[PDB]
Amino acid sequence: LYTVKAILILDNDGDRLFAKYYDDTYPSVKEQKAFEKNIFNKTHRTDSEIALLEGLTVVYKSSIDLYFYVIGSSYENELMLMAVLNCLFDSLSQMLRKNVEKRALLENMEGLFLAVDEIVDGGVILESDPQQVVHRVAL
Amino acid sequence: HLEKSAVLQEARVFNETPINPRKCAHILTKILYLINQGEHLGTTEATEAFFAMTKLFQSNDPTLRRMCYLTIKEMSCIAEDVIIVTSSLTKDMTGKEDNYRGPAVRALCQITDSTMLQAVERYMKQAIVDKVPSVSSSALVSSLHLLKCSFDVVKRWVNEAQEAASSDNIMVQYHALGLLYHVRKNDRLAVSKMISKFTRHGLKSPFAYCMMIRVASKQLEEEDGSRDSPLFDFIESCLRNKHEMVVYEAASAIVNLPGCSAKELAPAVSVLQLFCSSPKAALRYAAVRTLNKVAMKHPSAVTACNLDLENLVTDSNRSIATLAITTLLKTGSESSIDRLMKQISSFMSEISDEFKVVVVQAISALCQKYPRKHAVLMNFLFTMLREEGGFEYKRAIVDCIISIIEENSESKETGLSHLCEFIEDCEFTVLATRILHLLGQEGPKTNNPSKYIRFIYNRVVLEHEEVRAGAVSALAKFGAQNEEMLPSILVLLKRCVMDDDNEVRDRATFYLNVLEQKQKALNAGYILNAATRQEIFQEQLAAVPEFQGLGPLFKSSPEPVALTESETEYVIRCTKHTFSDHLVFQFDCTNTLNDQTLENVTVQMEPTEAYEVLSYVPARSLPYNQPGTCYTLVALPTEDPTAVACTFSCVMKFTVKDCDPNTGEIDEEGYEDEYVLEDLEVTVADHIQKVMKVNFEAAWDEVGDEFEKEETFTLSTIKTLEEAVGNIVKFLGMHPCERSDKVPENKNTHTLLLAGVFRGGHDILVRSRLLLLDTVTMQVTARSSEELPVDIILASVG
Amino acid sequence: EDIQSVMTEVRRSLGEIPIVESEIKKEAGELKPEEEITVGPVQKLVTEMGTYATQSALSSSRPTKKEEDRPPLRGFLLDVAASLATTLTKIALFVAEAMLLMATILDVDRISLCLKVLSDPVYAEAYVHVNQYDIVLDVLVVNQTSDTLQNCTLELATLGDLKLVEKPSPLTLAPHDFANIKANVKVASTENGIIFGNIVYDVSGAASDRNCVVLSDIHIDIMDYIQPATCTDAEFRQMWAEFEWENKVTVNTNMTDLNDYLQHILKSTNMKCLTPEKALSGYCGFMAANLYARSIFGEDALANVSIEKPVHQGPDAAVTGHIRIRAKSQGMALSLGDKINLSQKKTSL
């Protein structure tokens, strides 16, 4: 619910190759990096089952190559929240026939992008399951 | 990498017709990438880009249709024109590539404007409403950003508008409701009848449920009415399904028991607790911290041990580590187990999911439950704290020290003893600064001089001009106060301990020199650093000068009356004031609606039981949420039978003027309507001071002598005072007496011989002999030193 | 005024960190010339712009502290003849022009702007005598034996910074006879790292003897070994902190004042307290005594013990002073704190 501070897909070199601040109210590319730094540096590819930072939900994940960040508020249950996060790995994996890689990332961004807008759009998750998508999309 | 430049040049690619969707798309992609990564640039170029891009648009090249959406999408609250597409939007609108249509509208809406708002509208209406769920969704999202801006344009449509929200897809159903988050922001009543709709049907989206919960909950705090059945109803509903989140959600708030609900709910909860109890919902941790609150009830507590023991045991899962601290805390602990744990902790804390942070939080809680208190623990802890350490204690210390002060701890001798020592050989200059400052104030109120000195010397012992310096500064509050031996010696010491090292020399010299400069006693001082309540109201009232008599206020209102009921636009609370001569009703308020400001305001009162009516006063202007004063004035007749208790009839008159709150307008025109004004009744307690007599014996009789009226009733269906009692103590506001007041939850006989003095000076006196034979027959006397009161009391008491 | 102008100029020229209120105080003196010789309100205005600037900056936010203000006097300091002057200052606590200038100056604002721009018969008795370095073995083997009874066996060894080194050769236990058997030990060599000594030693059962004594020693302690040694105090402090922190033991309790007591302990360990400040080991003192010593195999050991000290209804017949012991290994170091603890008092060993 207009609830994504950003969803970022971050490299684990603290880099971010995706960020959409769906919702935002703080700025700076730097501060974004800084903010990123404290937490990323700290989580350092390691993640947690759950993590709350800022009273805010941090659901983040890692892949086998990439670090997934979503920032949200601990003010909206894990199970769902994760479900979207889950949705993110999985569909990308199946559809593409391949999940995220650094390589994958490097060849083309777009698909992520395409997906992303569809799934979520700002601080409101319009959707969180693949299938609909799968049919819906045909690129 | 990113850079704008290639691309602007590269815009000439637009010039080709032989292109591949891929080829261009990529180029398009490149620009978008710089940006996805981040870019910043000029409008001119953007505008240009548009044109350039825009330029291309023969095709339906589908792919082409998307990219632009993006592109455009990039611009929304910080845009550049709107018009250009327009056609293109319409083109979709008649044009069945369904798909496409939806993305485009959506961007526009942060970017929007009102004229242009006009545009979509008949259709739009349709459109939101239209067909396949998919399309409809697309529609929705679009508003919201426009809602930022506004959305009321929409809003209006509403009686009619909502009904379509009626759904047949889950996902959708969930969605409908948030828009209703703002809908319910707008309205509460609506919900209520509404709920019975929400309540009415079982729901689809777990998701839909959730918003309701918050809400539902939100409602509950003060009570969501007789949640009994609803709460219950809900209770199942939250309770089970195939979607976990609800059960949990419900669970955390709902406890209820300090000697309260625990019934089913504890079992269900237990099913859950246990069920969760290994990261099903790693959620479980948070809850214990507050969401599902714990501070227990006594047998209840004992039961809790096992669950906490699992976490305590497991030591893993970030979600686990946190959980360990809250559960243990909330439920509390025995000393003994702590011991086992201290060792566990010894390893654990450093990183064990990065335990230190949870722990600092835990620790902050520790400092609080014992902030220098269970000092033995504080010391055990202290030893341990320092010990287990790392370094990370310091941070904690900032809290801990603070805690100790909060108590203003008293096993300081010991507490301090540990602190002092350890800190010495637990280092960090920084801590010292803080503590110094505090200590600085405290000194000889807590004695133990030799020790304290003993310490102090040590603190200084350390090098640092700076470290040294603090002992002297702390000392000033101390010195000045002196202790169990200090003044003589205090004088001796500064002498005994002295230093060179220039600026360090200087510090000694200077303090001295400073010392040198004031009489040390003085030195220390500088450096170291009726005509009631209601009468006041008679005066407060006095600043006005339109009077037509007043007097001095005698007593004031026994109860202020809201003259407009609850949360009304013209919300009124009124207070009534009595003087020996006049009574003023001064009217307190919040011309409520931001709709209105009321102007040309005066207050009518029309009376039944006497007062001479001098004037109705109103406030000149009353804007929203802001007391202003209006008054109504009377002079009080005192020696008449029936002449100061009155009910007065109220009608509010005003010329009603509309507001723009943004920036208003205040103009001569606007038209009146008048609204009913609530009654004012005047009491026998706005006027009276309740008393004890100057001469009861005599007075008691005497008051009879001159004054006395009577009423008798014989009570045959009820043999209880109590009804009578409710009207009399309370109406008169006087004292029941002659040690003839008291009755337990029963009593055989009762007299109130009762007192206070009425306005206009003279007194109003009452004797109520209530007599129980076993019927009650009773003699009520009112006797008075004022004529108007005897008739009055008999009435008034009712 | 020359000085004043210079100060202002230099101040302007700098800006990039510092700390001084103290300086302000330093220029001022009890009295001093300021302005023409007086320009009253205008002069109050004079104080207001020059000082305000210092202040404006002051009012602004910080990084590392520079110094938390304690300018209480600072306030008088800014605002018969002497008495009159004082009164004027209190009241305060051309003029118009000065005030205006101060306002203009008002330097956090400036900083902010800059930032924006940037953006057995045989009885043998023996004891040890350690006579001067040399730990020497008094042995009485008295062979009150009925003959130079046959004797067993003895073995040499590396020892610590010592090595045992002599045996009187024969092995008879001459009848009814008393003998002095000397062992010199070699006192500067043989490392054996069996600390505190306490190393097993053999006298053997090897001839008119079925057994004997195998012994480990005990009786080998520190307090003695170390000699006093000395330091420059500033450096010392620095060092004190710097050293092998890792040991401490507490002083608290005795039979004496630390005058006699301290002397006794000092002599006992043969070690140094480096320096006094007369603050007073008498009226109380509330003295912390710094002690240093260097030994025979060269460890330097550092102490700060901080101690209450005897004196009627004032303080000291315990301590509750902490003896902070630094010696490189904690194990000897603490042990030293103990050792001293043994040393501290005087009672039945």
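Residues numbered from 1 in each chain as written, not as in the entry; some residues may be left out. Chains lettered and ligands numbered in written order. Part of a larger assembly, values for the part shown. Heavy atoms only, no water. Residues with missing side-chain atoms left out of burial classes, pairs and counts.

For this entry, the PDB record names cryo-EM as the structure determination method and reports a resolution of 17 Å.

Per the PDB entry, chain B goes by Coatomer subunit gamma-1 and derives from Mus musculus. Here the PDB entry's recorded title is "The structure of the COPI coat linkage I".

You'll find chain A entered in the PDB entry as Coatomer subunit zeta-1, with Mus musculus given as the organism. Reading the Subunit entry of the UniProt record for chain A gives the comment "Oligomeric complex that consists of at least the alpha, beta, beta', gamma, delta, epsilon and zeta subunits." (UniProt positions renumbered as here; feature names shortened; annotations may be inferred.)

Observations concerning the overall build of chain A
When helices and strands are tallied, chain A shows 5 helices and 5 strands. Order of helices (α) and strands (β) in chain A, N terminus to C terminus: β-β-α-β-β-β-α-α-α-α. For 139 residues, the compact-globule estimate of 2.2 N^0.38 gives 14 Å, and the C-alpha radius of gyration of chain A, at 14 Å, lies within 12% of that figure. When its C-alpha atoms are laid out on the principal axes, chain A stretches across 40 × 30 × 30 Å. If you take every contact in chain A between residues at least 6 apart in sequence, the share linking residues at least 24 apart comes to 35%. (Helix = DSSP H or I, 4+ residues; strand = E, 2+ residues; numbered from the N terminus. Rg over C-alpha atoms; globule rule 2.2 N^0.38 Å. Contact = heavy atoms within 4.5 Å.)

Remarks on the overall build of chain B
On a plain count of helices and strands, chain B comes out with 36 helices and 15 strands. Its C-alpha atoms give chain B a radius of gyration of 40 Å, clearly above 28 Å, the size a compact globule of 798 residues would have. With the C-alpha coordinates aligned to their principal axes, the bounding extent of chain B is approximately 120 × 90 × 65 Å.

A few points about the packing of helix 6 (residues 98-111) of chain B against helix 9 (residues 133-149) of chain B
Residues and elements named next belong to chain B. One can describe the packing of helix 6 onto helix 9 by two numbers: an axis separation of 6 Å at closest approach and a directional angle of 10°. Considering the angle they form, helix 6 stands roughly parallel to helix 9. Where helix 6 abuts helix 9, its residues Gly102, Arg106, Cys109 and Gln110 lie against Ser138, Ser142, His145 and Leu146. Among the residues forming the contact of helix 6 with helix 9, the class breakdown is 2 nonpolar, 5 polar and 1 charged. (Axes fitted to C-alpha atoms, helices over the stretch in contact; angles between N-to-C directions. Parallel < 35°, antiparallel > 145°, perpendicular 65-115°, else oblique. Nonpolar A, V, L, I, M, F, W, Y, C, P; charged D, E, K, R; others polar.)

Details of the sheet that holds strand 10 (residues 671-682) of chain B
Strand order in the open sheet formed by 4 strands is 7-5-9-10 (chain B), and the pairing between neighbours is antiparallel. Looking at which strands have only one partner, the edges of the open sheet turn out to be strand 7 (621-622) and strand 10 of chain B. (Pairing = 2+ DSSP bridges.)

A word on the packing of helix 3 (residues 40-59) of chain C against helix 6 (residues 95-105) of chain C
All names here are of chain C. The interhelical angle for the contact between helix 3 and helix 6, taken along N-to-C directions, is 15°, at an axis separation of 7 Å. Relative to helix 6, the element helix 3 is oriented roughly parallel. Viewed along their axes, helix 3 and helix 6 form a crossing whose handedness is left-handed. Residue-level inspection shows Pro41, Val42, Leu45 and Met49 of helix 3 in contact with helix 6, the latter providing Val95, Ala98, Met99 and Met102. (Left-handed = near helix turned anticlockwise from the far one by under 90°.)

Examining the pairing of strand 2 (residues 134-143) of chain C
Residues and elements named next belong to chain C. Summarising the sheet, strand 1 (residues 123-131) and strand 2 pair through 9 bridges and their orientation is antiparallel. Paired with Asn131 across the two strands is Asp134, which belongs to strand 2. Counted between consecutive antiparallel strands, the loop separating strand 1 from strand 2 contains 2 residues, among which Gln132 sits at a positive phi close to 30°. As paired strands, strand 2 and strand 5 (residues 177-186) are joined by 8 bridges and run antiparallel to one another. What sits directly across from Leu140, in strand 5, is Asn180.

Quick notes on helix 2 (residues 21-37) of chain B
In a regular helix each residue adds 1.5 Å, so 17 residues correspond to 24 Å; helix 2 of chain B covers 23 Å between its end C-alpha atoms and thus fits that length. Of the residues one or two after helix 2 of chain B, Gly38(B) is the one with positive phi, at around 125°. (Expected span 1.5 Å × (residues − 1).)

Digging into the sheet that holds strand 13 (residues 750-756) of chain B
Read across the sheet, 5 strands follow the order 11-15-14-13-12 (chain B) without closing on themselves; strand pairing throughout is antiparallel. Both edges of this open sheet fall to strand 11 (709-715) and strand 12 (735-736) of chain B, since each of them pairs with a single strand only.

Remarks on the pairing of strand 11 (residues 288-294) of chain C
Residue and element names in this part refer to chain C. In this sheet, strand 11 lies alongside strand 8 (residues 227-228) in antiparallel orientation, the contact comprising 2 bridges. Residue pairing in the sheet places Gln227 in a bridge with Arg294 of strand 11. In the sheet, strand 10 (residues 272-273) pairs with strand 11 via 2 bridges, with the strands oriented antiparallel. Each residue of the ladder has a partner; that of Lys272, found in strand 11, is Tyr292.

Quick notes on the arrangement of the chains
Of all 2 pairs of chains sharing an interface, the pair with the highest contact count is chains B and C. One thing to see here is that chain A and chain C don't touch, and their nearest C-alpha atoms sit 12 Å from each other.

A word on unusual backbone geometry
Residue and element names in this part refer to chain B. Even without being a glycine, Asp425 presents a positive backbone phi close to 80°. With respect to the secondary-structure elements, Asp425 resides in the loop between helix 26 (412-423) and helix 27 (429-442). Non-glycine residue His464 carries a positive phi angle of around 115°. Within the element layout of this structure, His464 appears in the loop between helix 28 (449-461) and helix 29 (465-481).

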